[PDB]
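Please read the structure below before turning to the comments.
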Amino acid sequence: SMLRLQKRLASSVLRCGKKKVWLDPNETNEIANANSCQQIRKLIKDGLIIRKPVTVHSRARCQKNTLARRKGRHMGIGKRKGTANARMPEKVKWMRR
Amino acid sequence: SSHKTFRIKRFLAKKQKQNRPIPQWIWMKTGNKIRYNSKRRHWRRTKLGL
Amino acid sequence: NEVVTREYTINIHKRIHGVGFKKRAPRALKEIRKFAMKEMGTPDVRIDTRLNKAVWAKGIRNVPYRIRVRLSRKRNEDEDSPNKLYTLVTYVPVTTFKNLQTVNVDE
Amino acid sequence: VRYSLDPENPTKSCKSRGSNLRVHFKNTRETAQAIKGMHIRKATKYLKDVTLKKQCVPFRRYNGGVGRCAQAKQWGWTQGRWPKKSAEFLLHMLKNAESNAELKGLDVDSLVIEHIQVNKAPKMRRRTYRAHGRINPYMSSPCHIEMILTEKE
RNA sequence: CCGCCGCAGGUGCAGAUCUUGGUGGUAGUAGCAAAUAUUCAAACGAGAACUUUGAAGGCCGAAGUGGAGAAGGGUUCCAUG
Numbered sequence: 002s003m004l005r006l007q008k009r010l011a012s013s014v015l016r017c018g019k020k021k022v023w024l025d026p027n028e029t030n031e032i033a034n035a036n037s038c039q040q041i042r043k044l045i046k047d048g049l050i051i052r053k054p055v056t057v058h059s060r061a062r063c064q065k066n067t068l069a070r071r072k073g074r075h076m077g078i079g080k081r082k083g084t085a086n087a088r089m090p091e092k093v094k095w096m097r098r
Numbered sequence: 002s003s004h005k006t007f008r009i010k011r012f013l014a015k016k017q018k019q020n021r022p023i024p025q026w027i028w029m030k031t032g033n034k035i036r037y038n039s040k041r042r043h044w045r046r047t048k049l050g051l
Numbered sequence: 018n019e020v021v022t023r024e025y026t027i028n029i030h031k032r033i034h035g036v037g038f039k040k041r042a043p044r045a046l047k048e049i050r051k052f053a054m055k056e057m058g059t060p061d062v063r064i065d066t067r068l069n070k071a072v073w074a075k076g077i078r079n080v081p082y083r084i085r086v087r088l089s090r091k092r093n094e095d096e097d098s099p100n101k102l103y104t105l106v107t108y109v110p111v112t113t114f115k116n117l118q119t120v121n122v123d124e
Numbered sequence: 002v003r004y005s006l007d008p009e010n011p012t013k014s015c016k017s018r019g020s021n022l023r024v025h026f027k028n029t030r031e032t033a034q035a036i037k038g039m040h041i042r043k044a045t046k047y048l049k050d051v052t053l054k055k056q057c058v059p060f061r062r063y064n065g066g067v068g069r070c071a072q073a074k075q076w077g078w079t080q081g082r083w084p085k086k087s088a089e090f091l092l093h094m095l096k097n098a099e100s101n102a103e104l105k106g107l108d109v110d111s112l113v114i115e116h117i118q119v120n121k122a123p124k125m126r127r128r129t130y131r132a133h134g135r136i137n138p139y140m141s142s143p144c145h146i147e148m149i150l151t152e153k154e
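Sequence order for the protein chains is AR, Al, Ad and AP.
Note that the first sequence covers residues 2 to 98 in PDB author numbering.
Note that the second sequence covers residues 2 to 51 in PDB author numbering.
Note that the third sequence covers residues 18 to 124 in PDB author numbering.
Note that the fourth sequence covers residues 2 to 154 in PDB author numbering.
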């Protein structure tokens, strides 16, 4: 009924967050009487409590965009916020020369 | 806090042992006045002094 | 007789017209449950977790205007409820809602 | 205990009672006046519909700021609410009385609830916290419900 | 516990924004409106808008509703009911 004990342990057994602890909703009776950590490791081997994969923050369109910025696209006068001396300053230009 | 002095830790130690109810057999006695422990103190209700 | 199964194309858009942005996908779920009681006269309406996903596909503010449903009445198991006949509401993934009559399907 | 009214004969009547019950008083007196002249089956058919907002309890005495409905017109009254918890906690008591009927061997469906009375129980003191650091009380209003069934044609 | 004859007084209440205790009308009234938002199925159970689990949709968005400590708290910690 109450798997609050056995999501907390499972989080610190998997060494992830309890965000990612997937408890098998059909095999509830087996998880409910875990009672310890070594017997939650037994449930990973049995394969009820299993780690969820990381949610996809794909920075694939990010790479796609920079290749345009390397080519000088999206870098026009109407895509400049900071001053020329803030974007790439005059002291560092002088340092390079 | 976590950082305690030995004297204060013995003070708290007494206050925990004094925060248990009456035994059920006490009011089966002949001279029966006590119903419940009136001196029971809770960590939100009363703040122990200090 | 009683274990009867139909298809239904539901206009959510004219059941949901005017309700606030944080009470549409919830409101949509209440007029798939209301709809399931009107056609198939059953108080117990149990609407599948694959259809709930279909209503919340565009989030809470945006619901698909037309949604297609295989509305299915059935018997019951034991642990006897005040009612016997319930109605399972299941999603039918449809590409075009153009010229869909309500089909009377077979079990 | 000793009830307020004594029945015409203790044979044909079966008692029930509930002391210091956690409902409101004003909601429960009003739904115990609507029940006061109904058959034992006629009452449970009524109260279950008040629990489901199909028939209503007309609030007649304790009706200060009680909004209106269409259903109260069956009582010849304008105001009326659907007290779910009040109607439920004197349906446990008909369940209790209809059991005592069967224990006394009275006919299950000949009984008309003749006497029913709601007395105020001692209030339960907890408090609320209001403006300018001033604590005003937040007392609950429980009630003693007790009723007598009696056999009729 | 009381009548009569004497004696004695902290001896008679409607008031004092009197004191203490209790209860009314107001009234089932005001109210339970700060910071975006919840829905579906199943489980345990006498009982589910809230509990637990899965699946959704969301918020905090690394100067955080995150992970830790100082001061203060003192058992609030954790399990079983």
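Every residue, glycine too, gets a C-beta built ideally from N, C-alpha and C.
Under DSSP, the alpha helix (DSSP H) around residue i begins and ends at which residues?
i: AR:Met96; result: 91-97
i: Ad:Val86; result: Note, Ad:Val86: premise wrong, no alpha helix (DSSP H); beta strand (DSSP E) at 83-91.
i: AP:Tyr47; result: 41-51
i: AR:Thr56; result: No alpha helix (DSSP H) holds AR:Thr56; DSSP gives it neither H nor E.
i: AP:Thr29; result: 27-32
i: AR:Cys63; result: 61-72
i: AR:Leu10; result: 5-15
i: Ad:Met54; result: 42-56
i: Al:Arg11; result: 7-18
i: AR:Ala33; result: 30-33
i: AR:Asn86; result: 85-88
Do the CB positions of residue i and residue j come within less than 8 Å of each other?
i: Ad:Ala42; j: Ad:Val80; result: yes
i: AP:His93; j: AP:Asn120; result: no
i: Ad:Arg78; j: Ad:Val20; result: no
i: AP:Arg42; j: AP:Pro143; result: no
i: Ad:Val72; j: Ad:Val109; result: no
i: Ad:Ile29; j: Ad:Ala45; result: yes
i: AP:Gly81; j: AP:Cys57; result: yes
i: AP:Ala98; j: AP:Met148; result: yes
i: AR:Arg98; j: AR:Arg88; result: no
i: Al:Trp28; j: Al:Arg36; result: yes
i: AP:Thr79; j: AP:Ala73; result: yes
i: AR:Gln7; j: AR:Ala35; result: yes
i: Ad:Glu56; j: Ad:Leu105; result: no
i: AR:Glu28; j: AR:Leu10; result: no
i: AP:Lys105; j: AP:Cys15; result: yes
i: AR:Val22; j: AR:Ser12; result: yes
Could you tell me which residues DSSP puts in a beta bridge with residue i?
i: AP:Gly19; result: AP:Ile146
i: AP:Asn120; result: AP:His145
i: AR:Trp23; result: AR:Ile51
i: AP:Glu152; result: AP:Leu112
i: AP:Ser14; result: AP:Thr151
i: Ad:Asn121; result: Ad:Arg23
How would you write the range of the beta strand (DSSP E) that residue i sits in, first residue to last?
i: AP:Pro138; result: 135-138
i: AP:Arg61; result: Segment: none, AP:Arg61 is in no beta strand (DSSP E) and carries neither H nor E.
i: Ad:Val106; result: 103-108
i: Ad:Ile27; result: 22-28
i: Ad:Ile33; result: No beta strand (DSSP E) contains Ad:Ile33, which DSSP labels as neither H nor E.
i: AP:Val2; result: That residue, AP:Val2, is in no beta strand (DSSP E); it is neither H nor E in DSSP.
i: Ad:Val62; result: 62-64
i: AP:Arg131; result: 128-131
Three CB pairs or more closer than 8 Å across the stretch 44-56 of chain AR and the stretch 64-83 of chain AR: no
**Report entry** Sufficient close CB pairs (3 or more, under 8 Å) joining the stretch 50-62 of chain AR to the stretch 8-25 of chain AR
**Finding:** yes
Exercise. Are at least three pairs of beta-carbons, each pair with one atom in the stretch 102-114 of chain AP and one in the stretch 137-154 of chain AP, less than 8 Å apart?
Worked result: yes
May I have a chain-ordered list of the alpha helix (DSSP H) segments no shorter than 4 residues that lie completely inside the stretch 70-125 of chain AP? 85-90, 93-105
Count the CB pairs spanning the stretch 25-39 of chain Ad and the stretch 48-65 of chain Ad that are closer than 8 Å, and state whether there are at least three. yes
- If we count Cβ pairs, one from each stretch, closer than 8 Å, do we get three or more for the stretch 14-30 of chain AP versus the stretch 44-52 of chain AP? no
Check whether the stretch 85-102 of chain AP and the stretch 104-118 of chain Ad are in contact - that is, three or more C-beta pairs closer than 8 Å. no
Next on the checklist: Pairs of beta-carbons, one from the stretch 81-88 of chain AP and one from the stretch 28-36 of chain AP, closer than 8 Å: are there three or more?
Outcome noted: yes
Q.
Any contact between the stretch 17-25 of chain Al and the stretch 40-48 of chain Al? By contact I mean 3 or more CB pairs, one from each, below 8 Å.
A. yes
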